[PDB]
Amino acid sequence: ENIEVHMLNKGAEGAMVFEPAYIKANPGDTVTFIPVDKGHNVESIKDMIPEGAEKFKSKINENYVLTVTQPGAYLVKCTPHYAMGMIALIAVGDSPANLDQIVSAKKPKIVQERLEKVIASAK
């Protein structure tokens, strides 16, 4: 099953956002990132995707279809806007085993606030 995510200059959480910023998925699902506004892409954050998952980085302004297979948590960023908090969390399966690690990892303050928000909303 496919989940669509919009890449935006501005949205509900402020500037430089993925909508949704939390994607709940199962193995074999696709997540389709749509460049509604220009200037955006999607890239896996290093040491913030599951064991066995392949890193990725899409082309700026490209419609990108990510297939997620490995269970666990994936923190993805918009490469230019990571420092402005432009991130999404993908959770594949229940109780993603690497979520607490990702939460504890070094990352921009604004990214952290946004990440904690979607985790709390998902509970």
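Numbers follow the displayed sequence, beginning with 1.
Stretch comparison (83-91 versus 55-63) by mean CA B-factor in the PDB entry places 55-63 on top. When 71-79 is weighed against 30-38, 30-38 comes out higher, by mean CA B-factor as recorded in the entry. Per the deposited record, the Cα B-factor of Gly11 falls in the middle third when ranked against the other modelled residues of its chain.
Ranked within its chain, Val111 lands in the middle third, by CA B factor from the PDB record.
Ranked against the other modelled residues of its chain, the C-alpha B-factor of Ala120 as given in the entry falls in the highest third.
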